Amino acid sequence: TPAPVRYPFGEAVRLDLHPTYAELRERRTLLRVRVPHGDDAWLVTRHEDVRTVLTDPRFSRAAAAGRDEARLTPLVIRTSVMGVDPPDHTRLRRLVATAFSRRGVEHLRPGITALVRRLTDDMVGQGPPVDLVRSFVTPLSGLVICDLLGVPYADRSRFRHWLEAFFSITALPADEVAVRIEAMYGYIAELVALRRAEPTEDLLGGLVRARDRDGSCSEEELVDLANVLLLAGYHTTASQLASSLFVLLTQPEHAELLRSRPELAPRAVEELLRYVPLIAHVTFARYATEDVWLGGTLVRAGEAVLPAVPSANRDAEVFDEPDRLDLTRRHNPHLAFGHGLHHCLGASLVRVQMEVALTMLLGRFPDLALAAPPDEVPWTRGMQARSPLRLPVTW
Ligand code: HEM
């Protein structure tokens, strides 16, 4: 075995990718790395290779629960359906599959559309400058997931504080991480109790009824599933949208192109998903459960692999001019939502929020531009998903 290389190669800076990813793809080899916590791993950088570790059955995500799992976070996160194999993965995802399907999410489009109008109504009447993150991005994805899930949006003052700790690499000490995480699990348990004697017409109410009258999940499985859905809808989506807004505001000829032809929006959303490196470094580790050869390496049973999804999304053997934003690309087999068995449950929900938000924003503010130099936009530091912390704009 090679002497392991330090990983992360460095701090993730704005939306730039480290040069080592490009070199690794060309070499066609995995890199033995030593990560901030847990086992050593293999880093996987090519598209065809990230596809394999994400969904090949010889690579297990449940096996990582029985290990000191190779990770960037000080504490192992319970990842609900993202951390299990079949048959447990089937049984749990069955319980949420229909509400997140494309036809299911389409029934929310009038409400998201109505919400985006309310939010931009307010920008129009307040006048520039506006922090686009505070006045648009966080309300939108916050209110959409809170209404769908049942979580009180008015409770964001208390639970938004604990949300950060599930994403923290270096931003929080391990003790503060354990305190917030347990505070978050108590708060979800609060809401679940509320549904036992007052049922609700929302996703959380459906999940308690599936536990209480079908016994399809344990009580902790219910709480983990509720937490992951709130993390991904409140934080991961607002990070991608703010990042996508940064790209369009600093590459404004592409903004103007999307604005002048708003029917590109479905292609522009997929391309903004491919091009934006949302994942700061890597997604969740897999452990091989038998010997697997790939990237010049026989990965042995018991060994960890780390999929570098943003690097796969720049792979020159799948995407023409991969490092150039092409909002018109027609076929776009990106891995920004994962691949295969654990492909992102909220995929359609994110698409519809992004198409609607980008269309109205560009439409209602044809002269929209940043109100500060792109280099002085501040960025989240030491977190698992990249995002601007403020997006000052004018029009
Ligand atoms: C732009 C926003 C988002 C992005 C870029 C994104 C990305 C991803 C990726 C890359 C994976 C696969 C991870 C892996 O295999 O290591 C994943 C899985 C998942 N995502 Fe998201 N996601 C987003 C928003 C959401 C939303 C809004 C929800 C739900 C409300 C959600 C729920 C889930 C779940 C439950 C899984 C695990 C699915 C399974 O295990 O079958 N995500 N996501």
Side-chain angles (χ1 to χ4, degrees), residues 54-55 57 60-66 76-109 111-112 141-153 155 159 162-163 166 181-237 284 286 289 337-352:
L54 284 183
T55 206
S60 150
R61 182 98 177 82
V76 65
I77 313 291
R78 283 217 297 290
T79 50
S80 163
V81 68
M82 176 69 244
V84 295
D85 294 10
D88 308 271
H89 176 265
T90 315
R91 149 180 81 78
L92 286 168
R93 205 196 163 129
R94 275 172 93 270
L95 309 178
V96 288
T98 297
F100 284 104
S101 64
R102 188 43 142 289
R103 77 251 204 189
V105 163
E106 271 302 325
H107 302 135
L108 313 178
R109 193 185 286 275
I112 297 163
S141 51
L143 274 154
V144 166
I145 183 82
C146 282
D147 176 272
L148 173 65
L149 212 39
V151 173
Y153 183 60
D155 283 12
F159 72 73
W162 317 320
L163 283 208
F166 293 82
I181 265 53
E182 274 323 284
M184 181 68 206
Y185 288 140
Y187 169 82
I188 292 314
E190 253 176 76
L191 296 166
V192 156
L194 263 200
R195 265 90 181 152
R196 295 245 145 75
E198 90 187 8
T200 42
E201 300 143 41
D202 57 41
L203 216 170
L204 213 29
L207 290 173
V208 167
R209 300 214 280 281
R211 154 130 180 93
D212 289 355
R213 88 175 255 169
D214 301 302
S216 36
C217 75
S218 69
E219 183 85 5
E220 175 194 271
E221 279 179 338
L222 173 89
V223 173
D224 282 335
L225 174 58
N227 184 57
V228 155
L229 294 173
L230 178 85
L231 282 167
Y234 205 97
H235 194 267
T236 312
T237 301
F284 298 109
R286 274 65 172 178
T289 55
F337 285 136
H339 189 77
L341 192 149
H342 298 278
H343 181 285
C344 178
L345 185 69
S348 297
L349 191 56
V350 165
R351 282 162 178 148
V352 176

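All values below were derived from every heavy atom in this structure, side-chain atoms included, with hydrogens, water molecules and symmetry-related copies excluded. Quick note: residue numbers are just sequence positions, from 1.
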Side-chain touch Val223/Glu220, heavy atoms, less than 4.5 angstrom: no
Distance in Å, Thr79 OG1 paired with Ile77 CD1, rounded so as to fall on 0.5 Å steps: 9.0 Å
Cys344 vs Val350, side-chain contact (heavy atoms from CB on, under 4.5 Å): CA-CA, chis, key distance, verdict: CA-CA 10 Å; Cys344 178; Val350 165; 5.6 Å; no
Student check: side-chain heavy atoms of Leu230 and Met184 closer than 4.5 Å: yes
Side-chain touch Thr236/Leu231, heavy atoms, less than 4.5 angstrom: no
Gap separating the CG atom of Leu148 from the CG atom of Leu204, nearest 0.5 angstrom: 10.0 Å
Residues in salt bridge (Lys or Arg N to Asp or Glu O under 4.0 Å) contact with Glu190, at least two apart in sequence or another chain: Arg158
Side-chain heavy atoms of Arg196 within contact of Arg211, under 4.5 Å: yes
Polar side-chain atom of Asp85 near backbone of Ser60 as donor-acceptor pair, under 3.5 Å: no
Expected output: side-chain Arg61 to main-chain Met82 donor-acceptor under 3.5 Å: yes
Heavy atoms of other groups near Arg94 CZ, more than 12 under 6.0 Å: no
Short side-chain to backbone donor-acceptor contact, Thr237 and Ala232, under 3.5 Å: yes
Least distance between heavy atoms, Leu95 atom then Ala210 atom: CD2-CB, 4.4 Å
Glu106 with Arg103: basic N within carboxylate O range, under 4.0 Å: no
Min side-chain heavy-atom separation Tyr187-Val151 under 4.5 Å: yes
Side-chain touch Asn227/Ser80, heavy atoms, less than 4.5 angstrom: no
Ion pair check, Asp212 and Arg195, cut-off under 4.0 Å: no
pair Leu229-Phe100: side-chain heavy atoms closer than 4.5 Å: yes
Short side-chain to backbone donor-acceptor contact, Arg286 and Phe284, under 3.5 Å: yes
Non-hydrogen side-chain atoms of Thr200 and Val208 separated by less than 4.5 Å: no
Parallel, tilted or perpendicular: ring planes of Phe166 versus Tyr185, cut at 30 and 60 degrees: perpendicular
